Every structure is written in structure tokens, then in C-alpha cells.
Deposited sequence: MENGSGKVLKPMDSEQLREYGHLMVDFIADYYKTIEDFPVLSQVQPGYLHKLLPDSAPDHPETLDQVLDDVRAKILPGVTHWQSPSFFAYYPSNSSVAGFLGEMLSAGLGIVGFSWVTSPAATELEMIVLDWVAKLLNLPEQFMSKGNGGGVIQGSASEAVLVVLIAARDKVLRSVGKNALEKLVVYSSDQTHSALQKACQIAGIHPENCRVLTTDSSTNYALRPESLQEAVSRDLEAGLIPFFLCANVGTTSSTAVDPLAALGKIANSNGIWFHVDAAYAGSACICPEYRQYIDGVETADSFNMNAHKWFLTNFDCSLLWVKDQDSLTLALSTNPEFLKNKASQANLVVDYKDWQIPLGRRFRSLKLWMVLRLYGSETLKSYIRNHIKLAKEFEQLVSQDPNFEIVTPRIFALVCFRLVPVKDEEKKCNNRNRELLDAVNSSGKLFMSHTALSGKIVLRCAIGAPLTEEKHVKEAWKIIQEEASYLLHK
């Protein structure tokens, strides 16, 4: 009989669960990547009440196989090419295991000093791998913190910026604060603006087009800022993207940051996905200008082999955060850097990734995925029925069927491909027209899977065309 806690039961049952998960990974290719169940399928398979008496672990695992797994979209499949990767690694899995086993909640330094200091140290490590400027290192006025997601990271710095303005001019000025970003910016910014009370008409979504590969034009930011200043409004927050979700566009951080600095605009850089690549010198160029940023954000749980959740946020003045987020009327108390109070030992998995793989292995991994994406881009360019929509900079390839009413052949192709169960890809829209995406990021993906995916896409397009 299983007890609430017992070291030996934990050992036995944990070995069983380890074997189960390993078997899952060993046969992951046997599942349809995108789940094919119907909405509501699960409530008929499970009781509508918890059991009075315990049920076996074998029964739970059988229910996982037969009831839960059919309803899973396999993010770790070697043929998962959708959205952006959400990496799971052996090192990160071991880190999550250890974090759950320790079971500590580190609000404040005392409730596990190691949980705070290891986080400080590994954020420093990653900042050094990224060649971030000195203002983002813990030894200065700034520092780093692990957030639950890039959405929370942007909310935190937006609140910090808002409050820096409001406690100098008064809360009645909320109606005048303006946020700036390009029309490629992730929806997390709009949601943070809503939560923070920014007025909708003061969310400046600046237009971009193909002439700049959907990168924000600095001159349009300057014009918008000057028109807002003339109108008595207070520009206060700017979000630049390094690797947008749609087409992996990259904004010019230098000129945008010069504008933001000159006008007292908090400068946030969202490199949630592509930031990982910037540990490679041939891609570090793409965050040039970050020295002007007040904050910088990269998702280690995307393309850095660190199991969700692990969003990394650096700021150049931690006081802005803690003055906004503290509730109180020498050492870091991380509750004052985040929305939640409690937090788990999330730095362990990042530390274990860094140690067990090495910067060299992480670089080679980034490069291998980019090489696979370049092979896919080559395959696309050789087929006259397809076209590359925007230049490929990292491991994301945007493409589409060449134009030849009411029906959208690109969506039909994507639906048929995803329904095959052999792979999973997602779509976006650029300048109003649909765009198919192939984002290579799963650790299991090999060139064989990319080749088979291209063959499947070709066969499906040919069948639909006839």
C-alpha cells in the first residue's frame, strides 16, 4: 500500500515510472504527432468522481496508455515541427526529478539559500555564454531571474516601467502611458498591457512589411514617439523582437534602443526563441544593441534543452522590479522579481543542462538544428510548386504553395499533412496571406525525419492538386 511519503516506496515506484517514460521515448514515433481525438473525448473514459480507496499504479499507467496518450500532442516527437520547440532533455528531466524530490519553495533567501544563489550563478553563466553586457550581471545593479514564461517576464518589466513613471508623476497619468511594438510582436505584450491597465488606444502596433523582412523600422518608432509627445502622451515602454513567432524577423536593437534611451522608454528585448542561438558567435550579431536594453528575455525551455518551465530574464536595474513588486513598507529575495510568491528549484535543471552538456555541445546542437533547417530550405527551393516566403535566419523555414476561389490550398495542405499523423507543423500570416512553418527544434529530429516530412508534404500537395 502506497504511503504519502516513504523512501523505499518512492524508490520502487520511481524506477517503475522511469521505465515507463523511457519506453515512451523509445516508441514515441509510433504515435500520431498531432492528437486526433475529438473535444470532450476524455470525460467518457474516466469516472466523474475520485475513488474512495486507492488504485494501483499499473492501472494508472494503463489508463495513461489507453486514455491519456491518445489525447497527447507529442511535443518531443522527432517529427514535431510546429510553433517553436519546447525542449525536453535527459539532463533537464533529471533536473526536474531532483527539483520535485527536494520539494522546496524558495520565496526569499532563507527558505533555501542554494535555490537563490544557484539561480544567480547560472543566470550569470548564461549571460556570459550570450556575451551580454556587464549591466546584466548579478554583481552590478542588474541581475537575472527565472520566470515561468516569457509572458510573465514581459508583464513584470512592463509593470516595473509603468510604476517607475507613475510614482514620479502620479497614478492619474495611467491614461497617458504609451507602449510601442511592431505588428510582429507576440500577443504576450498585448495581454500584459491589458493586465497593467494601459489604455487600448495607447498600444502602438507599428506596421512592418517585406521591405525590412518584417523588422521594425526605427524611423516609424521615432515618428510615433514624436507624435505622442506632441499630443501630451507619455511614451514609456518598447518591445523589440529578436526572432518573431511568425517569420523569425529580427529588429534593429541599436537604433531602436538609441531612440528608447533618448526618450526615457524602457527597452525590452524579447529573444524568447532565437536567443539560444546567440551562444554561437556567428549568431551573437543578432542581439547587438542589447547594451541599450533595460531588459532581455530568452526561453531556456524553448531551444536550450531545459524542460519547461525556465524563462530567463535579465534586467539592468533590479531596483525597478523590486520597487514595483515589493509589498514591504543585502541579498536577493526573488519573490520581489516575479508575480507568484513561491517558486521551485528551477535553477537545478539549468545547472545540470549546462554541466552535463557543455557550451560546446549546446553550440553543436543549435548548429545541427540549423543545418537540418537549411537542408529543408534546400528541399523547398528545388520544388517549383513551393516557394520560400521570407529569408531563413535560424531553424525556422517559412514557405508556401505557389499561387495558381474561397478555398485556401495552403491550409488544405497543412490540414491533410497534420491529419496524416506523420508530422506536425503550424501556420501563420504575413501581410495578410497564410504561411506554412517548419521549425526544427526537437532533440530527436534527424535528417531522416526532415526528408520524410518533405516527402509527405510533396505527396500530399500532389494529391490535393489533382
Mind pulling out the bits of the deposited sequence that never got modelled, as residue ranges from 1? 1-7, 337-347, 423-427, 490
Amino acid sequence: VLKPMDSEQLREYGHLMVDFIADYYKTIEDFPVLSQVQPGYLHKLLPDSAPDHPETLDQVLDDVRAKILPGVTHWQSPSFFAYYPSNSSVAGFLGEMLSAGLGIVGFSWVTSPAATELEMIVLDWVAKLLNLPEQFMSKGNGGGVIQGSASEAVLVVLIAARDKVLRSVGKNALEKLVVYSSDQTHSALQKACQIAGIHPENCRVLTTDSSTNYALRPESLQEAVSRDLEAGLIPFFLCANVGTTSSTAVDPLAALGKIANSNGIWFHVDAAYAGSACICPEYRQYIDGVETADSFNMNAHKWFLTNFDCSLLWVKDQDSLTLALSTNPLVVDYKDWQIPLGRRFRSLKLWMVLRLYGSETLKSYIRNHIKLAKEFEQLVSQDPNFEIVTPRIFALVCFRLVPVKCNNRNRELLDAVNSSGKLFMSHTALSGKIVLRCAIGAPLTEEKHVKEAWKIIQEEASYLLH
From here on, numbers count along this sequence of modelled residues.
Using only the Cα atoms and their B-factors as the entry lists them, report which of 355-363 and 170-178 averages higher. 355-363
393-401 set against 32-40, stretch whose average Cα temperature factor tops the other in the entry: 393-401
Looking at 139, 335, 316, 301, which has the biggest Cα B factor in the entry? 139
Highest CA B factor of 268, 217, 199, 74, as deposited, is found at 217
Lowest, middle or highest third: where is residue 283 by C-alpha B factor in its chain? highest
Can you tell me which third, lowest, middle or highest, the CA B-factor of residue 112 falls into for its chain? highest
Temperature factor at the Cα of residue 95, chain-ranked in thirds, falls in the middle
Within-chain third of residue 86 by Cα B-factor, per the entry: lowest
Residue 61 - Cα temperature factor, lowest/middle/highest third of chain: middle
